[PDB]
Amino acid sequence: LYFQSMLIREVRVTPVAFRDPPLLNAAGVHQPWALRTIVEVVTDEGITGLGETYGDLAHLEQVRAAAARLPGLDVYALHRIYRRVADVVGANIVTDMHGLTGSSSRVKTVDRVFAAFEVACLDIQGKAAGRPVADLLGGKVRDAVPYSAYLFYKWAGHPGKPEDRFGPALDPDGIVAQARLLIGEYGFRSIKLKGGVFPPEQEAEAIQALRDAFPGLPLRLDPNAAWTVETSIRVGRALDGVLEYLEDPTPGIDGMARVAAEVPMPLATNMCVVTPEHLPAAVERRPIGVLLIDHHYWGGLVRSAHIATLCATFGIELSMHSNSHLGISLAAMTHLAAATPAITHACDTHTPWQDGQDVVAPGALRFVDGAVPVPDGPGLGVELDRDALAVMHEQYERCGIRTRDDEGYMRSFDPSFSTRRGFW
Amino acid sequence: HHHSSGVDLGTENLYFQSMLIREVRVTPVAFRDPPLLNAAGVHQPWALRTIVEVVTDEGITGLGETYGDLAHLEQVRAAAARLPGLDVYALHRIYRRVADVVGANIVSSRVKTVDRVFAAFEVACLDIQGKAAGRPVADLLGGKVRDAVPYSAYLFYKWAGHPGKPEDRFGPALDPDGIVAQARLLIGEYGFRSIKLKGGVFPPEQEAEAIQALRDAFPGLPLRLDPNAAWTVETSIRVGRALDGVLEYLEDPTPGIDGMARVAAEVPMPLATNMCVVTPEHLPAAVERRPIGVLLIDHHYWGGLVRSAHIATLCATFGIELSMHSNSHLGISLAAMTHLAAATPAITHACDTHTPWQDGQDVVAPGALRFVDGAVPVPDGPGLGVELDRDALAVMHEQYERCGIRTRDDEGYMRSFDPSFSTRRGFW
């Protein structure tokens, strides 16, 4: 009767930490431990669903608060769950320390907390129907989702820890060699370089060297708003016919709009259009040709799919943004991209940098020629490896990091460093 | 409980499933309609619909309902014949198959045609998906955010009956007393808490008098007026100003996005439309020009329930409120509209329905859809919550076969009585 209608019995929230390399970006350097939060929704009948979100302490505390107010709600009642999260978040606005996904706000905070639950509830709905999540989203329109090689400048390793197998990358030769390593292992057919680390002329030379080494592979460059309008325009024109797109060259909708009218390739963003309140300004001002969507902060798979439709109506193309993440997020990203016609560019992923660390059972997620086939099983098609989850949770307990702070980590070496924002 | 079927050994867990369409049955029907007047003429004595029944190999069936015009019915029959073999969750793939059948290219845009042909199949496929999950269709759309869906009394000027036939029970309504008496009748039976008056029939001064008489007779109730583009920009501004404080919204007073935008800037109430924004390619102009504050969405031509839900999100993002439009329809469309409205937080205004004008005629079993205090409780059953009454379907299909009507034409029917009549558009 009552306990046989797919109601939530309990929600388990487990923060986890896993090893991350010293990847460089406009906000500093990645710390040695990356944090995530794993969410497991369990129904009365024992069906479980998994979600994954940010590990930062302020977010984790909201996720815990919301989780404690979900028992008794129906896993199909996504509007009602969204409302409950919004009630729990209340007046609070959660801000991160890096700004690499743009400004904070109330709606964005609610969407970030809601997304973990929503993915888990969709996993459950898929299982209950014997179908992949993609089928709840209208069915897959492609069998496999292409991902890009996500290249970074990086240190050889962190201070007083072992050097990683990737080696250092601090110039065009190192960037090219890093690309050969990733493409060789994963088969990526697109390349993205994370910029805003070295002067723009040096990063432009890395892009040129990639083009020479990898003819025919689409290239993207992302300085995370590290440049001025003037520099952006200069670099934009110097890279004519070389980039598929230029992502967030400069801060703010106004600056982006001025760059866009003067460079030959489209602009992309995951910094100045990051919540639905920003869309009408994006339509009006045209700062971008491509929106990088990310279900972790747009509020889950369904809301992301609605945003895709809106973008397509107003003539904006879609790709997918990525932060260091595990297999649950990769499965979710893959279902969403597989079922969304408007997501036509290769998606980003950090997967290769995690070096095989994961909390799901092996064999469900694989890369085939640079693409991830939609997983086989009903729901997300991944299952929790509980021993690995316990190891990563213990890592979190001992790791001494509670909030992602790339700038703080860089400042521990160079106290005059600040996140580069319209700096070059 | 699956009883050992379709599940992993000893469990209730389904393994990866396929559910393909076996066949699609398409049945045109006709039912009786009273002589309601509007800007385009007068309703003909029969209204036409097409009933679609999608049958899976597993034996689960789903229903949809769409327009009964002949050219549309022909496209629906052609699509229905090419759908067998597709999975009922594969809605993108079905949409593309329909697009191929209608000669569209979705990869001039024939999106309007694809959307309206796809809609009936989408609704039937969602009815099936609901039945498979043992859930109402609202649950496939995010879950209901209200228990019941409020509808408005949809009032019309009308003749006592069709020339040379028995008069209907509602009586004639040709002036304000008649419109109020009609409202009393409707509200007494269904309990509506909102009223809409279909205008465009009499000079605007008379229609504003009917609105004032309704406000006097029904003190608390929101009122809406819909001239169906029968007025000029100048007249719309005069009427809108004169009705300050009285209307919830003024729907389609004048033709075209440009005219509407000029009216909207000068009248105190929001404007609504179901005529000048009817497909996604109209939305950038609607956002840019602001012809409207309220979009009346209709799943029958926006492309089914999921697509309508996507449009509702877009509207909310750009500050546009939503309500729902209807044409003469039966219980399958009512159930679909109700599930959609129940699960769409952005649909804040009472929805329209012609239901009272159908005088109990239906093709679904009784009991599932009821109006309580002006609102339709979201049906219980899994799926749409309605069941085909196969005897009634047969009777209405035979009515279709025998009537002399194949495409709706209110203007042609009016001209059979007054050849000098033409549809009023930008007229008053």
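Throughout, protein chains are lettered first and strands after them, A, B, ... in sequence-line order, and every chain is numbered starting at 1.
- Heavy-atom distances place both the backbone and the side chain of A:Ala129 under 4.5 Å from chain B.
- Here the shortest heavy-atom pairing between A:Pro341 and B:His92 reads CD-CE1, 3.8 Å.
- Across all non-hydrogen atoms, the minimal contact from A:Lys127 to B:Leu14 is O-CB, 4.3 Å.
- Put simply, of B:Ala312, B:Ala343, B:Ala132, the one with the most heavy-atom pairs under 4.5 Å next to chain A is B:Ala343.
- Looking at A:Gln4, only its side chain comes within 4.5 Å of chain B, counting heavy atoms on both sides.
- Shown here for B:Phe318 and A:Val283, the closest heavy-atom pair between the two residues is CZ-CG2, 3.8 Å.
- More than 12 heavy atoms of other residues, nucleotides or ligands shown are found within 6.0 angstrom of CZ on A:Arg286.
- Heavy-atom pairs under 4.5 Å with chain B peak, among A:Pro378, A:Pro280, A:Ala134, at A:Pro280.
- For CG of B:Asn105, the number of neighbouring non-hydrogen atoms (other residues, nucleotides, ligands) closer than 6.0 Å is 12 at most.
- Within a 6.0 Å radius of CD in A:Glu284, no more than 12 heavy atoms belonging to other residues, nucleotides or ligands are found.
- Heavy-atom pairs under 4.5 Å with chain B were tallied for A:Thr309, A:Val141, A:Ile307; the largest tally goes to A:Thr309.
- Contacts of B:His282 with chain A are absent, with no heavy-atom separation under 4.5 Å from either backbone or side chain.
- Neither the backbone nor the side chain of A:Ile81 comes within less than 4.5 Å of any heavy atom in chain B.
- By the 6.0 Å contact criterion, CZ on A:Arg106 is open, its count of non-hydrogen atoms from other residues, nucleotides or ligands being 12 or less.
- Of the two parts of B:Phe16, the backbone and the side chain both hold a non-hydrogen atom closer than 4.5 Å to a non-hydrogen atom of chain A.
- In plain terms, the two heavy atoms of A:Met6 and B:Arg135 that are nearest each other are CB-NH2, 3.5 Å.
- Of the atoms belonging to A:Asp376, it is backbone heavy atoms, and not side-chain ones, that fall under 4.5 Å from chain B.
- In terms of heavy-atom pairs under 4.5 Å with chain A, the best-connected choice from B:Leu141, B:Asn13, B:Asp139 is B:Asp139.
- With B:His310 contributing its side chain and A:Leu310 its backbone, the two residues share no donor-acceptor pair below 3.5 Å.
- Enclosure of atom CZ in A:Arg9 by more than 12 non-hydrogen atoms of other residues, nucleotides or ligands within 6.0 angstrom is indicated.
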